[PDB]
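Notes for the structure review
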Amino acid sequence: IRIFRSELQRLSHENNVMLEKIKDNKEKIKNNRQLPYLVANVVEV
Amino acid sequence: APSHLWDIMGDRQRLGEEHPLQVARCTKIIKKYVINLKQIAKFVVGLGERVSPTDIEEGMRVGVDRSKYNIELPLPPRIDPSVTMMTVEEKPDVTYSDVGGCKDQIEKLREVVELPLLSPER
């Protein structure tokens, strides 16, 4: 009982560590997304 | 004659890159500004450093930078008109008293044209 609740709660903290990694990737996407982008025409998807 | 009265400022407003903006017209305003270049190219930019959010309007020429597109200074709309720019004159020749005689043609025109312009409160 006590051991079971000490795993997923600790794994959620490690999921927050991976959450700090995706936020770092989102900040790079925020760098990869900048206002002055041109506009083209998509002929085929 | 004023040769040296200008180039003194040539080390700031000239050597640096500010003025060389690509003239283009803005289409849609999202408050993202969709602006179409004179080369037929579309893009999206934001505001500038000194640009006010109320200055940019729909259907108005907005100069953007050539390298990294951004709004810097607004431009007066309708740059295409050319011949009509020469239709404006100043200080004509014929005066008000050059018309021979005083008849009904003079009194009727001054009341419907000259009167509301000179005395709008009458």
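The structure we're discussing is the one just above.
Described in the following lines is the structure provided in the data block.

Rules and cut-offs
Residues numbered from 1 in each chain as written, not as in the entry; some residues may be left out. Chains lettered and ligands numbered in written order. Part of a larger assembly, values for the part shown. Heavy atoms only, no water. Helix = DSSP H or I, 4+ residues; strand = E, 2+ residues; numbered from the N terminus. Rg over C-alpha atoms; globule rule 2.2 N^0.38 Å. Buried < 20%, exposed > 50% of the residue type's maximum accessible area, 1.4 Å probe, protein only. Areas by Shrake-Rupley, 256 points an atom, 1.4 Å probe, with all protein chains shown as cover. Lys, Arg positive; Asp, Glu negative; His and termini not counted. Charge placed at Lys NZ, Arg CZ, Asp CG, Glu CD. Contact = heavy atoms within 4.5 Å. Buried area = accessible area lost by both parts, 1.4 Å probe. Salt bridge = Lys/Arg side-chain N within 4 Å of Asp/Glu carboxyl O. Pairing = 2+ DSSP bridges. Expected span 1.5 Å × (residues − 1). Bend = angle between axes of the 7 residues up to and from the residue.

Points about the overall build of chain B
- Broken down by element type, chain B carries two helices and five strands.
- Relative to a compact globule of 122 residues, whose C-alpha radius of gyration would be 14 Å, chain B shows 24 Å and is clearly more extended.
- With the C-alpha coordinates of chain B rotated into their principal frame, the extents come out at 65 × 50 × 30 Å.
- Each of the 122 residues in chain B was classed as buried or not, and the buried ones make up 16%.
- For chain B, the accessible area works out to roughly 10700 Å², and carbon and sulfur atoms hold 55% of it.
- Of note, chain B has its 18 positive side-chain charges centred 8 Å away from the centre of its 20 negative side-chain charges.

Thoughts on the interface of chain A and chain B
- Each partner contributes to the interface: chain A provides five residues, whereas chain B provides seven residues.
- Here chain A meets chain B over a buried area of about 590 Å², counting both sides, of which 71% is carbon and sulfur.
- Where chain A touches chain B, the interface holds zero salt bridges.
- Relative to strand β3 (residues 42-45) of chain B, strand β1 (residues 37-39) of chain A runs antiparallel, the two sharing three bridges. Residue pairing in the sheet places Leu38 of chain A in a bridge with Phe43 of chain B of β3 of chain B.

Let's talk about helix α2 (residues 104-118) of chain B
- With 15 residues, α2 of chain B should cover 21 Å at 1.5 Å per step; its first-to-last C-alpha distance of 20 Å lies within 8% of that length.
- At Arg110 of chain B, α2 of chain B shows its largest kink, close to 45°.

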